[PDB]
Amino acid sequence: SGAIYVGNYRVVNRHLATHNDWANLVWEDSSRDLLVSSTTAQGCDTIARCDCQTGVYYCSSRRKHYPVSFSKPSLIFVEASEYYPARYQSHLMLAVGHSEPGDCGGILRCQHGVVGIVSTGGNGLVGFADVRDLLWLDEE
Ligand SMILES: CN(C)C(=O)Cn1ncc2ccccc21
Ligand SMILES: [Zn+2]
């Protein structure tokens, strides 16, 4: 579990979105595993605006933050998990590291702020859903 809180937005994995998220929907995209809902209070997070390929991510299944190198957001085939069939996911970054299903929502961060959230795992990789292209998160 985990979310990004930027302005009056809550950014979550689409597959972990609550009824309250869907009832306050701003934008969702299954291919990215992202959903954004509206909040009443303002959030503490800053979104990175950059093409960094190094950062640090939170792994709940280890209670640890790990420094990683990661690929640029791409369209990638993801094998079946407890929450999705095998499919193509877009805007996905991969790194070498530990990821189980419950790790989804952990933040990946660089020197510029939040890059994305854990969205995939298995076979020694962790996949992150990028948010740095979503420039509208920074306003309105
Ligand atoms: C201000 N908002 C919410 C948006 O632009 C949301 N958004 N983000 C990407 C994207 C792709 C097509 C259509 C809407 C999309
Ligand atoms: Zn950066």
# chains A, B, ... in the order shown; residues from 1 in each chain; ligands from 1
call {"tool": "residues_near_ligand", "arguments": {"ligand": "ligand 2", "cutoff": "9 Å", "atoms": "only C-alpha atoms and all ligand atoms", "output": "count of residues only"}}
result
16
call {"tool": "residues_near_ligand", "arguments": {"ligand": "ligand 1", "cutoff": "7 Å", "atoms": "only C-alpha atoms and all ligand atoms", "output": "list in words"}}
result
residues 26, 27, 134 and 136 of chain A
call {"tool": "write_last_selection", "arguments": {"atoms": "N, CA and C atoms", "output": "compact mmCIF listing (two decimals), in the first residue's frame"}}
result
# COMPACT_ATOMS: atom_id res chain seq x y z
N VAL A 26 -10.34 11.86 -10.28
CA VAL A 26 -9.80 12.88 -11.22
C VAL A 26 -9.41 12.21 -12.54
N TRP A 27 -8.65 11.12 -12.50
CA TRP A 27 -8.13 10.48 -13.73
C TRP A 27 -7.70 9.06 -13.37
N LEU A 134 3.12 13.69 -15.52
CA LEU A 134 1.77 14.19 -15.21
C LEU A 134 1.91 15.58 -14.64
N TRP A 136 0.14 18.19 -14.79
CA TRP A 136 -1.11 18.75 -14.22
C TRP A 136 -1.19 18.46 -12.73
call {"tool": "atom_distance", "arguments": {"atom1": "atom CA of residue 7 of chain A", "atom2": "atom CA of residue 34 of chain A"}}
result
16.9 Å
call {"tool": "closest_residue", "arguments": {"among": "A:15, A:10, A:62, A:87", "to": "residue 99 of chain A", "atoms": "only C-alpha atoms"}}
result
A:62
call {"tool": "closest_residue", "arguments": {"among": "A:23, A:41, A:93, A:104", "to": "residue 61 of chain A", "atoms": "only C-alpha atoms"}}
result
A:104
call {"tool": "select_by_dssp", "arguments": {"residues": "chain A", "states": "alpha helix (DSSP H)", "output": "PyMOL selection string"}}
result
chain A and resi 19-23
call {"tool": "closest_atom_pairs", "arguments": {"of": "segment 12-108 of chain A", "to": "segment 116-119 of chain A", "cutoff": "9 Å", "atoms": "only C-alpha atoms", "output": "tab-separated table"}}
result
residue	atom	partner	partner_atom	distance
A:12	CA	A:117	CA	8.0
A:13	CA	A:119	CA	6.8
A:32	CA	A:119	CA	8.8
A:33	CA	A:119	CA	7.0
A:34	CA	A:119	CA	8.9
A:47	CA	A:116	CA	8.5
A:48	CA	A:116	CA	8.8
A:57	CA	A:118	CA	8.1
A:58	CA	A:118	CA	8.3
A:59	CA	A:118	CA	8.5
A:92	CA	A:119	CA	8.3
A:93	CA	A:116	CA	8.8
A:99	CA	A:118	CA	7.8
A:101	CA	A:119	CA	8.0
A:103	CA	A:118	CA	6.5
A:104	CA	A:118	CA	4.5
A:105	CA	A:117	CA	5.0
A:106	CA	A:118	CA	5.2
A:107	CA	A:117	CA	4.7
A:108	CA	A:116	CA	5.3
call {"tool": "select_by_dssp", "arguments": {"residues": "chain A", "states": "strand (DSSP E or B)", "output": "ChimeraX atom specification"}}
result
/A:4-6,9-13,25-29,34-38,47,54-59,64-69,74-78,87-96,107-110,113-122,125-130
call {"tool": "closest_residue", "arguments": {"among": "A:140, A:100, A:28, A:130", "to": "residue 70 of chain A", "atoms": "only C-alpha atoms"}}
result
A:130
call {"tool": "closest_residue", "arguments": {"among": "A:63, A:14, A:90, A:4", "to": "residue 39 of chain A", "atoms": "only C-alpha atoms"}}
result
A:4
call {"tool": "residues_around", "arguments": {"residues": "segment 77-80 of chain A", "least_positions_apart": "3", "cutoff": "10 Å", "atoms": "only C-alpha atoms", "output": "CSV table (one decimal) with C-alpha atoms, in the first residue's frame"}}
result
chain,number,residue,atom,x,y,z
A,74,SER,CA,8.4,2.3,-21.3
A,83,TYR,CA,-3.7,-8.6,-8.8
A,84,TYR,CA,-3.3,-8.6,-12.6
A,85,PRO,CA,-3.1,-11.1,-15.5
A,86,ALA,CA,0.1,-11.2,-17.7
A,87,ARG,CA,-0.2,-7.9,-19.8
A,88,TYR,CA,1.5,-4.9,-21.2
A,89,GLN,CA,1.8,-2.0,-18.8
A,90,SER,CA,2.9,1.5,-20.0
A,92,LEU,CA,6.7,1.5,-16.4
A,120,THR,CA,5.1,-4.6,-10.3
A,121,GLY,CA,7.5,-7.3,-8.9
A,122,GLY,CA,8.7,-10.9,-9.3
A,123,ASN,CA,11.9,-12.5,-10.7
A,127,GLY,CA,8.6,-2.0,-11.5
call {"tool": "closest_residue", "arguments": {"among": "A:46, A:30, A:60, A:1", "to": "residue 137 of chain A", "atoms": "only C-alpha atoms"}}
result
A:46
call {"tool": "atom_distance", "arguments": {"atom1": "atom CA of residue 6 of chain A", "atom2": "atom CA of residue 95 of chain A"}}
result
24.5 Å
call {"tool": "closest_residue", "arguments": {"among": "A:21, A:72, A:126, A:5", "to": "residue 42 of chain A", "atoms": "only C-alpha atoms"}}
result
A:5
call {"tool": "residues_around", "arguments": {"residues": "residue 97 of chain A", "least_positions_apart": "4", "cutoff": "8 Å", "atoms": "only C-alpha atoms", "output": "ChimeraX atom specification"}}
result
/A:68,124-126
call {"tool": "atom_distance", "arguments": {"atom1": "atom CA of residue 66 of chain A", "atom2": "atom CA of residue 18 of chain A"}}
result
28.0 Å
call {"tool": "decode", "arguments": {"residues": "segment 68-105 of chain A", "atoms": "N, CA, C and O atoms", "output": "PDB file, in the first residue's frame"}}
result
ATOM      1  N   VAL A  68      18.454   2.410  -6.025  1.00  0.00           N
ATOM      2  CA  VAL A  68      18.367   1.647  -7.293  1.00  0.00           C
ATOM      3  C   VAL A  68      18.703   2.538  -8.479  1.00  0.00           C
ATOM      4  O   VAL A  68      18.460   3.766  -8.465  1.00  0.00           O
ATOM      5  N   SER A  69      19.132   1.875  -9.530  1.00  0.00           N
ATOM      6  CA  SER A  69      19.166   2.380 -10.915  1.00  0.00           C
ATOM      7  C   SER A  69      17.937   1.810 -11.632  1.00  0.00           C
ATOM      8  O   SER A  69      17.546   0.682 -11.374  1.00  0.00           O
ATOM      9  N   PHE A  70      17.273   2.629 -12.439  1.00  0.00           N
ATOM     10  CA  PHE A  70      16.039   2.173 -13.099  1.00  0.00           C
ATOM     11  C   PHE A  70      15.976   2.631 -14.532  1.00  0.00           C
ATOM     12  O   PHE A  70      16.562   3.651 -14.909  1.00  0.00           O
ATOM     13  N   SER A  71      15.286   1.806 -15.325  1.00  0.00           N
ATOM     14  CA  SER A  71      15.043   2.138 -16.759  1.00  0.00           C
ATOM     15  C   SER A  71      14.067   3.292 -16.946  1.00  0.00           C
ATOM     16  O   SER A  71      13.324   3.590 -16.081  1.00  0.00           O
ATOM     17  N   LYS A  72      14.137   3.948 -18.099  1.00  0.00           N
ATOM     18  CA  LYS A  72      13.195   5.055 -18.450  1.00  0.00           C
ATOM     19  C   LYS A  72      11.816   4.459 -18.684  1.00  0.00           C
ATOM     20  O   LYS A  72      11.672   3.304 -19.033  1.00  0.00           O
ATOM     21  N   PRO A  73      10.755   5.229 -18.369  1.00  0.00           N
ATOM     22  CA  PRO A  73       9.379   4.737 -18.498  1.00  0.00           C
ATOM     23  C   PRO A  73       9.142   4.201 -19.921  1.00  0.00           C
ATOM     24  O   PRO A  73       9.448   4.907 -20.891  1.00  0.00           O
ATOM     25  N   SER A  74       8.633   2.976 -20.018  1.00  0.00           N
ATOM     26  CA  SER A  74       8.411   2.254 -21.303  1.00  0.00           C
ATOM     27  C   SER A  74       7.181   1.349 -21.224  1.00  0.00           C
ATOM     28  O   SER A  74       6.656   1.096 -20.122  1.00  0.00           O
ATOM     29  N   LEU A  75       6.811   0.784 -22.375  1.00  0.00           N
ATOM     30  CA  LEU A  75       5.719  -0.194 -22.476  1.00  0.00           C
ATOM     31  C   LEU A  75       6.348  -1.565 -22.341  1.00  0.00           C
ATOM     32  O   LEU A  75       7.146  -1.937 -23.220  1.00  0.00           O
ATOM     33  N   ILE A  76       6.005  -2.306 -21.300  1.00  0.00           N
ATOM     34  CA  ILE A  76       6.718  -3.521 -20.875  1.00  0.00           C
ATOM     35  C   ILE A  76       5.719  -4.630 -20.655  1.00  0.00           C
ATOM     36  O   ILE A  76       4.703  -4.359 -20.009  1.00  0.00           O
ATOM     37  N   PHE A  77       6.064  -5.851 -21.036  1.00  0.00           N
ATOM     38  CA  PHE A  77       5.272  -7.037 -20.686  1.00  0.00           C
ATOM     39  C   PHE A  77       5.518  -7.427 -19.237  1.00  0.00           C
ATOM     40  O   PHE A  77       6.720  -7.503 -18.810  1.00  0.00           O
ATOM     41  N   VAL A  78       4.437  -7.556 -18.460  1.00  0.00           N
ATOM     42  CA  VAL A  78       4.493  -7.911 -17.033  1.00  0.00           C
ATOM     43  C   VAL A  78       3.843  -9.281 -16.875  1.00  0.00           C
ATOM     44  O   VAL A  78       2.661  -9.436 -17.285  1.00  0.00           O
ATOM     45  N   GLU A  79       4.524 -10.227 -16.244  1.00  0.00           N
ATOM     46  CA  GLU A  79       3.964 -11.568 -15.994  1.00  0.00           C
ATOM     47  C   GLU A  79       2.837 -11.450 -14.969  1.00  0.00           C
ATOM     48  O   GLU A  79       2.705 -10.396 -14.290  1.00  0.00           O
ATOM     49  N   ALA A  80       2.060 -12.508 -14.831  1.00  0.00           N
ATOM     50  CA  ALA A  80       0.832 -12.501 -14.014  1.00  0.00           C
ATOM     51  C   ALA A  80       1.229 -12.310 -12.567  1.00  0.00           C
ATOM     52  O   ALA A  80       2.259 -12.876 -12.118  1.00  0.00           O
ATOM     53  N   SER A  81       0.424 -11.552 -11.829  1.00  0.00           N
ATOM     54  CA  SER A  81       0.626 -11.335 -10.378  1.00  0.00           C
ATOM     55  C   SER A  81      -0.674 -11.685  -9.662  1.00  0.00           C
ATOM     56  O   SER A  81      -1.684 -12.016 -10.348  1.00  0.00           O
ATOM     57  N   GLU A  82      -0.680 -11.558  -8.332  1.00  0.00           N
ATOM     58  CA  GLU A  82      -1.923 -11.839  -7.564  1.00  0.00           C
ATOM     59  C   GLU A  82      -3.022 -10.838  -7.959  1.00  0.00           C
ATOM     60  O   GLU A  82      -4.189 -11.220  -7.784  1.00  0.00           O
ATOM     61  N   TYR A  83      -2.713  -9.664  -8.549  1.00  0.00           N
ATOM     62  CA  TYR A  83      -3.721  -8.585  -8.781  1.00  0.00           C
ATOM     63  C   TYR A  83      -3.911  -8.273 -10.266  1.00  0.00           C
ATOM     64  O   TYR A  83      -4.905  -7.553 -10.595  1.00  0.00           O
ATOM     65  N   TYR A  84      -3.057  -8.759 -11.177  1.00  0.00           N
ATOM     66  CA  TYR A  84      -3.275  -8.584 -12.639  1.00  0.00           C
ATOM     67  C   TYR A  84      -2.884  -9.852 -13.393  1.00  0.00           C
ATOM     68  O   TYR A  84      -1.971 -10.579 -13.005  1.00  0.00           O
ATOM     69  N   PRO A  85      -3.533 -10.092 -14.557  1.00  0.00           N
ATOM     70  CA  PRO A  85      -3.075 -11.133 -15.482  1.00  0.00           C
ATOM     71  C   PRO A  85      -1.734 -10.705 -16.086  1.00  0.00           C
ATOM     72  O   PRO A  85      -1.345  -9.552 -15.949  1.00  0.00           O
ATOM     73  N   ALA A  86      -1.063 -11.593 -16.800  1.00  0.00           N
ATOM     74  CA  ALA A  86       0.060 -11.200 -17.677  1.00  0.00           C
ATOM     75  C   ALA A  86      -0.443 -10.139 -18.686  1.00  0.00           C
ATOM     76  O   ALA A  86      -1.494 -10.356 -19.329  1.00  0.00           O
ATOM     77  N   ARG A  87       0.225  -8.996 -18.843  1.00  0.00           N
ATOM     78  CA  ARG A  87      -0.220  -7.945 -19.777  1.00  0.00           C
ATOM     79  C   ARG A  87       0.903  -6.926 -19.979  1.00  0.00           C
ATOM     80  O   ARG A  87       1.987  -7.041 -19.289  1.00  0.00           O
ATOM     81  N   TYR A  88       0.686  -6.038 -20.931  1.00  0.00           N
ATOM     82  CA  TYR A  88       1.525  -4.868 -21.243  1.00  0.00           C
ATOM     83  C   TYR A  88       1.101  -3.750 -20.302  1.00  0.00           C
ATOM     84  O   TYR A  88      -0.103  -3.477 -20.122  1.00  0.00           O
ATOM     85  N   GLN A  89       2.074  -3.172 -19.606  1.00  0.00           N
ATOM     86  CA  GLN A  89       1.842  -1.980 -18.758  1.00  0.00           C
ATOM     87  C   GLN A  89       2.676  -0.848 -19.340  1.00  0.00           C
ATOM     88  O   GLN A  89       3.892  -1.116 -19.661  1.00  0.00           O
ATOM     89  N   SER A  90       2.143   0.350 -19.513  1.00  0.00           N
ATOM     90  CA  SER A  90       2.853   1.533 -20.046  1.00  0.00           C
ATOM     91  C   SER A  90       3.437   2.392 -18.924  1.00  0.00           C
ATOM     92  O   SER A  90       3.012   2.283 -17.757  1.00  0.00           O
ATOM     93  N   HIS A  91       4.333   3.280 -19.304  1.00  0.00           N
ATOM     94  CA  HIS A  91       4.947   4.252 -18.376  1.00  0.00           C
ATOM     95  C   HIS A  91       5.622   3.515 -17.194  1.00  0.00           C
ATOM     96  O   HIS A  91       5.600   4.087 -16.082  1.00  0.00           O
ATOM     97  N   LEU A  92       6.152   2.337 -17.445  1.00  0.00           N
ATOM     98  CA  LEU A  92       6.734   1.485 -16.397  1.00  0.00           C
ATOM     99  C   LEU A  92       8.266   1.563 -16.416  1.00  0.00           C
ATOM    100  O   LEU A  92       8.858   1.438 -17.497  1.00  0.00           O
ATOM    101  N   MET A  93       8.890   1.672 -15.235  1.00  0.00           N
ATOM    102  CA  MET A  93      10.367   1.709 -15.036  1.00  0.00           C
ATOM    103  C   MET A  93      10.732   0.450 -14.293  1.00  0.00           C
ATOM    104  O   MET A  93      10.027   0.083 -13.345  1.00  0.00           O
ATOM    105  N   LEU A  94      11.835  -0.210 -14.654  1.00  0.00           N
ATOM    106  CA  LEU A  94      12.260  -1.431 -13.925  1.00  0.00           C
ATOM    107  C   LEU A  94      13.616  -1.203 -13.245  1.00  0.00           C
ATOM    108  O   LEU A  94      14.479  -0.494 -13.769  1.00  0.00           O
ATOM    109  N   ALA A  95      13.786  -1.805 -12.090  1.00  0.00           N
ATOM    110  CA  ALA A  95      15.055  -1.895 -11.368  1.00  0.00           C
ATOM    111  C   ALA A  95      15.231  -3.294 -10.841  1.00  0.00           C
ATOM    112  O   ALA A  95      14.245  -4.046 -10.630  1.00  0.00           O
ATOM    113  N   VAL A  96      16.473  -3.600 -10.498  1.00  0.00           N
ATOM    114  CA  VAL A  96      16.818  -4.856  -9.776  1.00  0.00           C
ATOM    115  C   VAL A  96      16.569  -4.626  -8.287  1.00  0.00           C
ATOM    116  O   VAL A  96      17.193  -3.762  -7.675  1.00  0.00           O
ATOM    117  N   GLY A  97      15.640  -5.393  -7.749  1.00  0.00           N
ATOM    118  CA  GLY A  97      15.346  -5.335  -6.330  1.00  0.00           C
ATOM    119  C   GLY A  97      14.101  -6.116  -5.982  1.00  0.00           C
ATOM    120  O   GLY A  97      13.513  -6.784  -6.812  1.00  0.00           O
ATOM    121  N   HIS A  98      13.799  -6.107  -4.706  1.00  0.00           N
ATOM    122  CA  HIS A  98      12.710  -6.924  -4.148  1.00  0.00           C
ATOM    123  C   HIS A  98      11.363  -6.182  -4.206  1.00  0.00           C
ATOM    124  O   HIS A  98      11.268  -5.038  -3.694  1.00  0.00           O
ATOM    125  N   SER A  99      10.330  -6.902  -4.667  1.00  0.00           N
ATOM    126  CA  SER A  99       8.954  -6.396  -4.784  1.00  0.00           C
ATOM    127  C   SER A  99       7.990  -7.564  -4.718  1.00  0.00           C
ATOM    128  O   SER A  99       8.058  -8.430  -5.600  1.00  0.00           O
ATOM    129  N   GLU A 100       7.153  -7.555  -3.723  1.00  0.00           N
ATOM    130  CA  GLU A 100       5.965  -8.441  -3.592  1.00  0.00           C
ATOM    131  C   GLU A 100       4.717  -7.592  -3.785  1.00  0.00           C
ATOM    132  O   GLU A 100       4.784  -6.361  -3.641  1.00  0.00           O
ATOM    133  N   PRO A 101       3.528  -8.200  -4.019  1.00  0.00           N
ATOM    134  CA  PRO A 101       2.314  -7.411  -4.276  1.00  0.00           C
ATOM    135  C   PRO A 101       2.018  -6.313  -3.241  1.00  0.00           C
ATOM    136  O   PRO A 101       1.606  -5.169  -3.606  1.00  0.00           O
ATOM    137  N   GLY A 102       2.185  -6.608  -1.963  1.00  0.00           N
ATOM    138  CA  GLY A 102       1.872  -5.625  -0.939  1.00  0.00           C
ATOM    139  C   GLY A 102       2.824  -4.445  -0.950  1.00  0.00           C
ATOM    140  O   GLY A 102       2.516  -3.476  -0.234  1.00  0.00           O
ATOM    141  N   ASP A 103       3.955  -4.544  -1.661  1.00  0.00           N
ATOM    142  CA  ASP A 103       4.875  -3.397  -1.777  1.00  0.00           C
ATOM    143  C   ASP A 103       4.326  -2.324  -2.702  1.00  0.00           C
ATOM    144  O   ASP A 103       4.858  -1.189  -2.695  1.00  0.00           O
ATOM    145  N   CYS A 104       3.307  -2.607  -3.495  1.00  0.00           N
ATOM    146  CA  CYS A 104       2.737  -1.580  -4.382  1.00  0.00           C
ATOM    147  C   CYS A 104       2.359  -0.335  -3.562  1.00  0.00           C
ATOM    148  O   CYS A 104       1.801  -0.428  -2.466  1.00  0.00           O
ATOM    149  N   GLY A 105       2.708   0.855  -4.065  1.00  0.00           N
ATOM    150  CA  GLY A 105       2.416   2.160  -3.500  1.00  0.00           C
ATOM    151  C   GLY A 105       3.659   2.724  -2.839  1.00  0.00           C
ATOM    152  O   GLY A 105       3.612   3.886  -2.465  1.00  0.00           O
TER     153      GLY A 105
END
